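# Analysis of the macromolecular model
The chain contents come next:
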Protein chains: 2
Amino acid sequence: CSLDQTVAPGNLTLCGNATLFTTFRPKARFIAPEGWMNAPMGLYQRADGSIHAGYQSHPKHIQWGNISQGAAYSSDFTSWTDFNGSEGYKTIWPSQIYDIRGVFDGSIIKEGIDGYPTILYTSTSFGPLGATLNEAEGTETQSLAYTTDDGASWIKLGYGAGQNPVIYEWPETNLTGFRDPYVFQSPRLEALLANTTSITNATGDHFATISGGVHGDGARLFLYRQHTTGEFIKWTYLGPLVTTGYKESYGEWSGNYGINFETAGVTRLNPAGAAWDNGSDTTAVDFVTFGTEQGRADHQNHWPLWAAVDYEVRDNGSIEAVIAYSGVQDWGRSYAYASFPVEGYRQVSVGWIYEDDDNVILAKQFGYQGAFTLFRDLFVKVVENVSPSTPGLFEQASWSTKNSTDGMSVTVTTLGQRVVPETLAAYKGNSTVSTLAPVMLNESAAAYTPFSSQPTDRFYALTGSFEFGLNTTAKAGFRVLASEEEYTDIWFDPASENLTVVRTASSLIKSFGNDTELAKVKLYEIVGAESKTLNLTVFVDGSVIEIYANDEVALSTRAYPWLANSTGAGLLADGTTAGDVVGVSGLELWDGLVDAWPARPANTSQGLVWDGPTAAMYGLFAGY
Amino acid sequence: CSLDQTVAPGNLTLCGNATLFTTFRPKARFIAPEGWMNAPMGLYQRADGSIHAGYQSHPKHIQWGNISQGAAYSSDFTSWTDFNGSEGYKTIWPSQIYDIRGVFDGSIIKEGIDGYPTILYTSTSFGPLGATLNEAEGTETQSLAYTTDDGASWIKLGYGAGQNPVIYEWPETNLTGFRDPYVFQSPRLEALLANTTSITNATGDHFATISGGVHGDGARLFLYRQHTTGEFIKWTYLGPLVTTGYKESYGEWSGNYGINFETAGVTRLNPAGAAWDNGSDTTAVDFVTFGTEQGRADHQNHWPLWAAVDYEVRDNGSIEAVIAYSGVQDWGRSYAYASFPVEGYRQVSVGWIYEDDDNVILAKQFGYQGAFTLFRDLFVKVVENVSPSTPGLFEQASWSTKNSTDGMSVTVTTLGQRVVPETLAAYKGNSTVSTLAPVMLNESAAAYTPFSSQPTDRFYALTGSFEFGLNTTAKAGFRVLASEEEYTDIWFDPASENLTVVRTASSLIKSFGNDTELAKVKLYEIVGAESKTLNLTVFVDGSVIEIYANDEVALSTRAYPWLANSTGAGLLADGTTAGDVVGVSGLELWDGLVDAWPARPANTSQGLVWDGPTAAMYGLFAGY
Ligand SMILES: *[C@@H]1O[C@H](CO)[C@@H](O[C@@H]2O[C@H](CO)[C@@H](O[C@@H]3O[C@H](CO[C@H]4O[C@H](CO[C@H]5O[C@H](CO)[C@@H](O)[C@H](O)[C@@H]5O[C@H]5O[C@H](CO)[C@@H](O)[C@H](O)[C@@H]5O)[C@@H](O)[C@H](O[C@H]5O[C@H](CO)[C@@H](O)[C@H](O)[C@@H]5O)[C@@H]4O)[C@@H](O)[C@H](O[C@H]4O[C@H](CO)[C@@H](O)[C@H](O)[C@@H]4O[C@H]4O[C@H](CO)[C@@H](O)[C@H](O)[C@@H]4O[C@H]4O[C@H](CO)[C@@H](O)[C@H](O)[C@@H]4O)[C@@H]3O)[C@H](O)[C@H]2NC(C)=O)[C@H](O)[C@H]1NC(C)=O
Ligand SMILES: *[C@@H]1O[C@H](CO)[C@@H](O[C@@H]2O[C@H](CO)[C@@H](O[C@@H]3O[C@H](CO[C@H]4O[C@H](CO[C@H]5O[C@H](CO)[C@@H](O)[C@H](O)[C@@H]5O[C@H]5O[C@H](CO)[C@@H](O)[C@H](O)[C@@H]5O)[C@@H](O)[C@H](O[C@H]5O[C@H](CO)[C@@H](O)[C@H](O)[C@@H]5O)[C@@H]4O)[C@@H](O)[C@H](O[C@H]4O[C@H](CO)[C@@H](O)[C@H](O)[C@@H]4O[C@H]4O[C@H](CO)[C@@H](O)[C@H](O)[C@@H]4O[C@H]4O[C@H](CO)[C@@H](O)[C@H](O)[C@@H]4O)[C@@H]3O)[C@H](O)[C@H]2NC(C)=O)[C@H](O)[C@H]1NC(C)=O
Ligand SMILES: *[C@@H]1O[C@H](CO)[C@@H](O[C@@H]2O[C@H](CO)[C@@H](O[C@@H]3O[C@H](CO[C@H]4O[C@H](CO)[C@@H](O)[C@H](O[C@H]5O[C@H](CO)[C@@H](O)[C@H](O)[C@@H]5O)[C@@H]4O)[C@@H](O)[C@H](O[C@H]4O[C@H](CO)[C@@H](O)[C@H](O)[C@@H]4O[C@H]4O[C@H](CO)[C@@H](O)[C@H](O)[C@@H]4O)[C@@H]3O)[C@H](O)[C@H]2NC(C)=O)[C@H](O)[C@H]1NC(C)=O
Ligand SMILES: *[C@@H]1O[C@H](CO)[C@@H](O[C@@H]2O[C@H](CO)[C@@H](O[C@@H]3O[C@H](CO[C@H]4O[C@H](CO)[C@@H](O)[C@H](O[C@H]5O[C@H](CO)[C@@H](O)[C@H](O)[C@@H]5O)[C@@H]4O)[C@@H](O)[C@H](O[C@H]4O[C@H](CO)[C@@H](O)[C@H](O)[C@@H]4O[C@H]4O[C@H](CO)[C@@H](O)[C@H](O)[C@@H]4O)[C@@H]3O)[C@H](O)[C@H]2NC(C)=O)[C@H](O)[C@H]1NC(C)=O
Ligand SMILES: OC[C@H]1O[C@@](CO)(OC[C@@]2(O[C@H]3O[C@H](CO)[C@@H](O)[C@H](O)[C@H]3O)O[C@H](CO)[C@@H](O)[C@@H]2O)[C@@H](O)[C@@H]1O
Ligand SMILES: OC[C@H]1O[C@@](CO)(OC[C@@]2(O[C@H]3O[C@H](CO)[C@@H](O)[C@H](O)[C@H]3O)O[C@H](CO)[C@@H](O)[C@@H]2O)[C@@H](O)[C@@H]1O
Ligand SMILES: *[C@@H]1O[C@H](CO)[C@@H](O)[C@H](O)[C@H]1NC(C)=O
Ligand SMILES: *[C@@H]1O[C@H](CO)[C@@H](O)[C@H](O)[C@H]1NC(C)=O
Ligand SMILES: *[C@@H]1O[C@H](CO)[C@@H](O)[C@H](O)[C@H]1NC(C)=O
Ligand SMILES: *[C@@H]1O[C@H](CO)[C@@H](O)[C@H](O)[C@H]1NC(C)=O
Ligand SMILES: *[C@@H]1O[C@H](CO)[C@@H](O)[C@H](O)[C@H]1NC(C)=O
Ligand SMILES: *[C@@H]1O[C@H](CO)[C@@H](O)[C@H](O)[C@H]1NC(C)=O
Ligand SMILES: *[C@@H]1O[C@H](CO)[C@@H](O)[C@H](O)[C@H]1NC(C)=O
Ligand SMILES: *[C@@H]1O[C@H](CO)[C@@H](O)[C@H](O)[C@H]1NC(C)=O
Ligand SMILES: *[C@@H]1O[C@H](CO)[C@@H](O)[C@H](O)[C@H]1NC(C)=O
Ligand SMILES: *[C@@H]1O[C@H](CO)[C@@H](O)[C@H](O)[C@H]1NC(C)=O
Ligand SMILES: *[C@@H]1O[C@H](CO)[C@@H](O)[C@H](O)[C@H]1NC(C)=O
Ligand SMILES: *[C@@H]1O[C@H](CO)[C@@H](O)[C@H](O)[C@H]1NC(C)=O
C-alpha cells in the first residue's frame, strides 16, 4: 500500500484499516470521530442556547449495526465538542429486550419526564425488520428516556406495563415500517382539533408522527397526540396524516413517494422562518419533510422529500394533510433529514450524506462512513413579480402561484433552504477570502477557466451569480477538486432546467460512484427582466460537494480524487458565443473554512473490529 | 380474601399479590428474597472460606423470564446474606445481544481472567429454544465474566471476535440443547489424555462439559478442554462424554435418560468425599450428575440423575464415559443439581425444589416460587459385609457389588449423599431438641401415634431408625404437618422396597399437587443380621418436606396445609402385629431449626409486575 498522491493510485484495497482516514475526510462539518454514522437524531437547543446533535452511530465498524446515539454539542452549529462518558461518545445504546436490536431515530420533548429533556425513540427488538420483509408487531416500538445532565447521559423508563415501550400497538395491519417518532408542539393542530377532543379524549400539547406504510398500498405518516398535558406514557393514535400511493410520483420536480416513509417531520413556516401561529398568519405554510424508500433506481433507493400541506379535520377527530405541492429537500447522496426549533423563530434542518462506495470496497481503509450536511434554516421562499411567461410556471409542481389582480404578474411560494448564518460567518471569517472580478463568458471562453485565486486544499466554498439570456442554450457552472487528470463539473443548463454534477473524471480510483447527479431548478423570471439568474454556492469539504441554488435547491454528493493537486476550481462554459453570453458576477472564494472539531486530533480512528461468527448466526448486523 | 387459618380456606384466588407470602414459606434454607427462582448457579468457595451461591432469578415475577443470577453468601451453608448492589440482589443480568434472552446456568473458574473468579455461563439470544423445538446455532452460546469484588459484581468480556461469546459453534448438528457449562479441573482426565495431546493440541488444566442432545437420538454431554493453561478464550471440543438413547432407561432404580441433558456436572469421589487423584486411588469412583427432560410423565418431565462411569480414551484424543451403574439424585420435586468443591476434600451438591402449583393458581398470592434443597456432601457410600441373600442385590442397578474371596459376603458401592454437617449442627443447636423413647410397633400400634413432644410450627426435623424383620410385610414411617384434617404420610414398605409420600390429605386447598411421591430404597442386609434397618430423616420447612434415607436416598416434596395447627408429627404403622413388629429407635425431634436469612424481614415482597402487551409480542417470557 502506497499513499503517494503524486502518482496514480495503486491497489488501495491492500491498504490497512483506517490508512486512508484523513485522505478524503471532511474537516468543516459535523461527522462522528470514527466508524459508521447515519441519521441525525435527538436534535434540540439546550437551555444554555447550545445545540445538542445526536446521530445513529456504530463505532469501530464501517457498516450499520448495534445502532446507538452518538452525540456532540455546539454554540454556533459550526464548531463542535464530543460528549465523553463511559461509552465514549455514545449516550444511548441497545441495552434492554425492547431496544437490543438498535436504538433507532428519535426526537426531543424539551419539557418532558420530571421537566427534563426527553427523547422518544424507536426501540427495536428481534424479527424481520424492513419495508420489503414480513415485519411483525413488537419488532419496532417507541420508548422514552430523559437526561438530567443536558445530554451527557440518558435514563430509560423501566421495561413493562405502563412504562417502556410506550407505543407498541400497530395502528393498522401489515405495516412496512413503524419508526422515527417526531414529537412537536403545534398551536395550529391544537386549534384544528379543539372542537373534536370529546371524540378522542386526547388533549395534550405534544403531537407525534410515526413513519411507515402498508404493504402493497404505499407510505403512511401516522399522527398521535399526547393524551394528557404533562404526562408522557399515553399517546393516542388519531389517524393517518399523510397517505400516498405505492410508488406514486407527483412528477419530475417531486421525486417518488416509494413504499414506506422514514424520518418524517412536521413543521410550519413563514417567510422569516418558523411560524407558531394557530392558523391566523396568512403568510404561514404547513410542511411535512420525509424520506421515501424503494421509489428510486439509485441513491440507495432513497428520496428526501418535502410537501406543503393543507390540513383537514376528519369526523373522528384526526387530521388529513392534503398535499398542495411537493418537492425535494436534496437531490444527491443525502437522506434522513431532521428539523428542530431554534430560538428567534427558526426551524433548522440537517441530514446525512452517505459515501459513494456502495460495494464497500474502501470503507475499511477509510475507517469511517458518513457525515452530516450543513445545518439549514427553513423558511417560506416568496418570489414577487414573477413573469407569467416563465416556462412551466403554472404546472405549480413544487411551488404555488398566486396571480396579481390584473394577471400581469405572479407571486411564487415554495420551501426555502439556506445554510445557517452562523456557519457562513464562521467559514468566511476563518478563510482566506478572494473576491473575484466578474467574468463574461462568450466566444472567447475556454471550456474551463481557473479562478484568479486558487484553493490550497480540499476545504473551500465558492459562490457566483450566473446571468443567462431568456432563450439561452448555453451551459455554465463550476469545476471543483480539479487537476488536469481529475475534476468534478457542476453545470447548469437553463434550456433543460437541469443542474448536473458530472463525475466521470472525479477520481482515478475506479471503485467510487461516478454517476451524474441531477437536480431541477426553476429560474423564476422577473417582470421586465431581459435575463434570468442562477445564484450557485458550492461547499467542498474533503469528499463532500454540497451545492445550493437560489436558497432553494440543494444537492449533496461525493468526489474522491487521488492526486494531492486535485484541489483547483473555476468556471465552466459550454456553447457560450458572442450572441449567447453568460455574465458571471458576485464571484468569491473562501479558502480553508473552519476546523469543526478543534479538540480532535487529525486521526481519531480507534481501529476496526469484527463481531465474529455470531454476527451471521444472529443475522441482525453485518458484523464489521 | 380471608387469611383465617382456624377455619376452612375460602377462595384464595381472590387474595391479592403476596398476601400468602409467609403462609407456606421456608425459613431454614436458601431461597430468593421474592419472586421466581430456579437452578443454582455460580457456586464456589471464596478466598475467605465463605460460600458464594448464585441462582436463576426473576424478581417481581412468579414465572421464569429475563433470567438472571441472584446471589448470596454464607460462612456455614446455613445462615445467608444477600448481595445488594445497583440491581438489588442480582449480580448478572441480560445486557448484550448474545445474552439478552437470558443469563442461563454457569459455573466457576476459581483462578480465571486476570487471576479472578470467572463464570462461564450460557448466554442466550433470540430464536426457538428448547429440546422439542427447532433450535438453531447461536441461540445458546457460552460466555465469560469475572469478578474483582468477590461476587458483588461481574464484568463480562466484550462482544466480538476473540471475545464473548467464547463457545458458539455446535459440535454436532440438530442439537436439542447446548447449555449449562460445567468447568472443572481433573488430574484423572489429564492423566488419561496426556498421551493424545498431539492429536488435539488441547493441554489446559480446565475441562468443561456442555449439556444437550441430538434430535431423535437421545441426550449428550459434550466434553471440551481449555486449549492452553492460563488462557480462557479458546476451548477445544474433544467429543461426547456421555451418550444415551432416546428415552432410554437403565431400569426401575435409574429413572429415564429422556431426550436432552440439563445442568450436568462431573466429579470424582472416594469414601471420605472428593477425590483429586489421577486414577491411583482404587477407592475413588468417577461420577456424572445430570438432569434429563421428556423422559417422565410428571415432575415437570424432569429426572435429576447420576451415574458412576468408567472412562475410556478414544483414538481421536477424547473420552467416553461408559456408564457402570446409574441412579437418582432426588426422587421428588427437585431438579438442576449443581456440585462444587469445598476445602477439606469435599464435593457439595445442591438443587432446586419447585412448588407444586403447576397450573399457577396461587403463585401470585405467594409472591414467590422455588427454593433450594439443603446442601449435601457427596461421597462414595460403601456397605461392607452385605448378605448375598439381600433381594435383588446382583441386579447392580444403582450400585456395584464385589464378592468376598469366599463368596459369603459382598461389598456394596453407591453414591452417598448427606446433609452438610454445618447445617445439622446449626439446626440442632438452635432447635428445641426432644430425644424420644424407642417405640415398638406391634398389634397395639395405632395407624398414627403422635410423638411425645410436638413441633410448635412448620420448621422442624425428625429422625428415626426403623428395624424390620427380613420377611416383613409391615409398613412404617412418619406423619408430618399433621392435624386431624390435614397431614402428609411418609411410608416405607420393605416388601415392595418403596418409600412413598402420600399427599391425598396434605391440604384442604385443592389446587396444589396431591400425587404420591415414590422412591426405591435398597435395604442392604448385613451378614448375620436377623433384621434390616431404615434410617429415615425428615426436614419440614414451611412447605418443603425433604427426606433422606440411609445417607443415600433423597426425596424432596411439597405440602401446603391451610390450618394453623397442621404442624404435628409422629409414627405411622400399617400391618404391624405381635409377630411382624417394627422397632423404632434413635428417635429425635428438632423444633425450630435456624433462621437462614437473619437480616431479612418476614415479608421481603416488593410487589409483582406485568411486562405488558410486548411480552406476547416478543414471545420469550410469560411476562408475569
Ligand atoms: C432484566 O433485568 C435487568 C436488570 O435488572 C433490567 O434492567 C433494569 O431495570 C430496572 C427497572 O426498570 C432499572 O432500574 C431503574 O434504574 C433507574 C436509574 O437508572 C440509571 O441508574 C442506574 C443505577 O446507577 C447506579 O449504579 C450504576 C452501576 O453501578 C452506576 O453507574 C451509577 O453511577 C449509579 O451508582 C450509584 O448508585 C448505586 C446504587 O444504585 C451505588 O452502588 C453506587 O455506589 C452509586 O452511588 C444505572 O444502572 C442505569 O444504567 C442502565 O440503564 C441505562 C439506561 O437507563 C443504560 O444506558 C446503562 O447501560 C444501564 O443499562 C441508569 O443509568 C431508576 O431511576 C429507576 O428508579 C425509578 O423507577 C421506579 C419505577 O419503575 C421506581 O420504583 C423508583 O422509585 C424510581 O422512580 C422515581 O424516581 C424517578 C426520578 O429519579 C421519577 O421519575 C419517578 O416518578 C419516581 O419518583 C419517586 O421518587 C421521587 C424522589 O423521591 C418523588 O419525588 C416521587 O414522588 C416518587 O415517589 C429504576 O430503579 C435498571 O436501571 C435496569 N438495569 C440495567 C442494567 O438495565 C431489565 O429491564 C430486565 N428486562 C426484562 C425484559 O425484564
Ligand atoms: C452495543 O453497544 C454497547 C455500548 O457501547 C456495547 O456494550 C459495551 O461494550 C464495551 C466493549 O466491550 C464495554 O466496554 C468494556 O467495559 C469494561 C468495564 O465494564 C464495566 O465497567 C463499565 C464502566 O464503568 C464505569 O461507568 C459506569 C457507568 O457510568 C459506572 O457504573 C462505573 O462505576 C464506572 O464509572 C467510572 O468510570 C467512568 C468512565 O468509564 C466515569 O464516568 C465514572 O465517573 C467512574 O469513574 C460499566 O459500564 C460496565 O457495565 C456494563 O456491563 C456489565 C457487564 O460487564 C453490566 O452488568 C452492566 O449492566 C453494564 O451493561 C461494567 O461494569 C472494560 O473492562 C473493558 O475494557 C477493556 O477491554 C478492552 C478489550 O475489549 C481493552 O481495550 C481495554 O484496555 C480493557 O482491557 C484491559 O483491562 C482488563 C482488566 O481491566 C484486562 O483483562 C485486559 O487484558 C486489558 O488489560 C490492559 O490494561 C492493563 C492495565 O493497564 C494492562 O496490565 C494490560 O497489559 C493491558 O494493556 C471495556 O471497556 C462496555 O462495558 C459495554 N457497555 C454496556 C453498557 O453494555 C455492546 O457490546 C454493543 N453490542 C454489539 C452487539 O456490538
Ligand atoms: C399484582 O401483580 C400483577 C403482576 O402479575 C400486577 O400487574 C398485572 O398483572 C396481570 C398479569 O398477572 C395483568 O393481567 C393481564 O392483563 C391483560 C389486560 O390488561 C389490560 O386491562 C387491565 C384491566 O383493566 C388493565 O389493568 C391493564 O392496564 C395496565 O397495562 C397497560 C398496558 O396494556 C398499562 O398502560 C396500564 O398503565 C396498566 O399498567 C391493561 O389495560 C390481559 O390481556 C391478560 O390476559 C390473560 O390473563 C388472564 C389470567 O391468566 C386470562 O383470564 C385471560 O384469558 C388471558 O390469558 C392469556 O393466557 C395466555 C398468555 O398467558 C394466552 O395464550 C391466552 O391467549 C390469553 O391471552 C392478563 O389478565 C394486569 O393487566 C396487570 N396490571 C397492571 C399492570 O396494572 C398487578 O398490578 C399487581 N397488583 C397490585 C395491586 O400491585
Ligand atoms: C481490520 O478491521 C477488521 C474489522 O473489519 C478486523 O477484524 C477482521 O475483520 C474481518 C471482516 O472485516 C474478518 O474477516 C472475516 O473473517 C472470517 C474468517 O475468520 C477466520 O479466519 C481469519 C483469517 O485467518 C482469522 O483472523 C479469524 O480469527 C479471528 O476471529 C476468531 C473468531 O472466528 C477469533 O477466535 C480470533 O481470535 C480472531 O479474532 C478467523 O479464525 C471470514 O469468514 C469472513 O468471510 C467473508 O468476507 C470476505 C470479504 O468480504 C469474503 O472474501 C468471503 O467470501 C466472506 O464473505 C461473506 O460475505 C457475506 C457476509 O458478509 C456472506 O453472505 C457470504 O456467504 C460470505 O461468508 C471475513 O473474511 C477478520 O476475521 C477479522 N480479523 C480478526 C478479528 O482478527 C481486523 O483485525 C483489523 N485489522 C487490524 C490489523 O487491526
Ligand atoms: O439507523 C436506523 C435509522 O435509519 C433509517 C433512515 O435511513 O433507516 C435506515 C435503515 O437502514 C440502515 O440499516 C441497514 C442494515 O440492513 C444498512 O444497510 C443501511 O445502510 C442503514 O441506513 O434501517 C432499517 C433497518 O436496517 C432499514 O430498513 C432502513 O433502510 C431510519 O428510518 C432509522 O431510524
Ligand atoms: O433458567 C434456565 C436454566 O434452567 C434449566 C434447568 O431446568 O433449564 C430450564 C428451562 O426451563 C425454564 O424456562 C421455562 C420457560 O418456558 C419455564 O417454564 C421453566 O419453569 C424454567 O425452569 O429453560 C429452557 C428455556 O425456557 C427450557 O427448555 C428448560 O426446560 C437449565 O438447563 C438452564 O440453564
Ligand atoms: C498534478 O499532479 C500530477 C501528478 O503528480 C502531475 O502530472 C500534474 O502535472 C500536476 N500539476 C497540475 C495538474 O497542475
Ligand atoms: C398481514 O397481516 C396479518 C396480521 O394482521 C398476518 O397474519 C399476515 O401474515 C400479514 N402478512 C401477509 C403477507 O399477509
Ligand atoms: C379516523 O378516520 C380515518 C379515515 O377513515 C382512518 O384512517 C383512521 O384510522 C381513523 N382513526 C381511528 C380509527 O383512530
Ligand atoms: C393566472 O394568470 C395567467 C396569465 O395571466 C392566466 O393564464 C390564468 O388564467 C390566471 N389564473 C387565474 C386563476 O386567474
Ligand atoms: C472562526 O470560526 C469560529 C468557530 O465557528 C467562530 O466562532 C469565529 O467567529 C470564526 N472567526 C472569525 C469570524 O473571524
Ligand atoms: C433534464 O432532466 C430530465 C430529468 O428530470 C431528463 O429527462 C432530461 O433528459 C434532461 N435533459 C437534458 C438535456 O439534460
Ligand atoms: C385444629 O384446627 C381445627 C380448625 O380450627 C379444629 O377443628 C381442630 O379441632 C384443631 N385441633 C386439633 C387438630 O387438635
Ligand atoms: C437439522 O439440521 C440442519 C442444519 O444442520 C437444518 O437445515 C435442519 O432444518 C435441521 N432440522 C431438521 C428438522 O432437519
Ligand atoms: C471423536 O470421536 C468420537 C467417536 O467417533 C466422536 O463422537 C467425536 O465427535 C470425535 N471428536 C471430534 C471430531 O472432535
Ligand atoms: C458372587 O457371589 C454370589 C453368591 O455367593 C455368586 O452367586 C456369584 O456367582 C458370585 N460372583 C462371582 C463373580 O464370583
Ligand atoms: C445457630 O445457627 C447459627 C447459624 O447457622 C450457627 O452459627 C450457630 O452455631 C447455631 N447455634 C448453636 C449451635 O447453638
Ligand atoms: C413399588 O414401586 C414400583 C415402582 O418402582 C411399582 O411398580 C409398584 O407397584 C410399587 N408397589 C407397591 C406395593 O407399592
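### Describing the sheet that holds strand β11 (residues 207-214) of chain A
All names here are of chain A. Strand order in the open sheet formed by four strands is β10-β11-β12-β13, and the pairing between neighbours is antiparallel. Taken across any chain shown, the strands that pair with only one partner, and hence form the sheet edges, are β10 (175-184) and β13 (235-243). Ignoring strand direction, the axes of neighbouring strands in this sheet form an average angle of 25°.

### With respect to the state of the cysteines
All names here are of chain A. Tallied over the full model, the rule gives two disulfides over all chains. Between the sulfur atoms of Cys1 and its disulfide mate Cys15 the distance is 2.0 Å. On the S-S bond that ties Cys1 to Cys15, the torsion sits near 90°, and the link is right-handed. Taken as a pair, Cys1 in the segment before β1 (35-45) and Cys15 in the segment before β1 lie far apart in primary sequence, 14 residues in all.

### Observations regarding the site of ligand 6
Residues and elements named next belong to chain B. Among the 13 residues in the neighbourhood of ligand 6, the closest are listed as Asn38, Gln56, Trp64, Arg179 and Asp180. Within the side chain of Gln56, one N or O atom sits 2.5 Å away from an oxygen atom of ligand 6. Within the backbone of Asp105, an N or O atom sits 3.1 Å from an oxygen atom of ligand 6. Secondary-structure elements contributing two or more residues to the shell around ligand 6 are β1 (35-45), β6 (102-109) and β10 (175-184). Each residue belonging to the shell around ligand 6 can be placed in one class, and the counts come to seven nonpolar, two polar and four charged.

### Things to note about the domain arrangement of chain A
All names here are of chain A. The domain boundaries assigned to chain A delineate domain 1 (1-428) and domain 2 (429-624). When each unit is reduced to the centre of its C-alpha atoms, the spacing between domain 1 and domain 2 is 25 Å. The interface is formed by 94 residues belonging to domain 1 together with 70 residues belonging to domain 2. Roughly 6900 Å² is buried in total at the junction of domain 1 and domain 2, and carbon and sulfur atoms are behind 60% of that figure. Of all residues in domain 1, the largest losses of buried area upon contact with domain 2 belong to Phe24, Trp331 and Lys428, amounting jointly to 11% of the total for that side. Summed over the shared surface of domain 1 and domain 2, the number is nine salt bridges. Residue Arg600 is joined to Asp82 by a salt bridge in which the shortest nitrogen-to-oxygen separation is 2.8 Å.

Calculation notes
- Residues numbered from 1 in each chain as written, not as in the entry; some residues may be left out.
- Chains lettered and ligands numbered in written order.
- Heavy atoms only, no water.
- Pairing = 2+ DSSP bridges.
- Helix = DSSP H or I, 4+ residues; strand = E, 2+ residues; numbered from the N terminus.
- Axes fitted to C-alpha atoms, helices over the stretch in contact; angles between N-to-C directions.
- Disulfide = S-S within 2.5 Å.
- Near = heavy atom within 4 Å.
- Polar contact = N/O pair within 3.5 Å; in protein donor to acceptor, adjacent residues only side chain to side chain.
- Nonpolar A, V, L, I, M, F, W, Y, C, P; charged D, E, K, R; others polar.
- Domains from an automatic or database assignment.
- Contact = heavy atoms within 4.5 Å.
- Buried area = accessible area lost by both parts, 1.4 Å probe.
- Salt bridge = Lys/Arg side-chain N within 4 Å of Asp/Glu carboxyl O.

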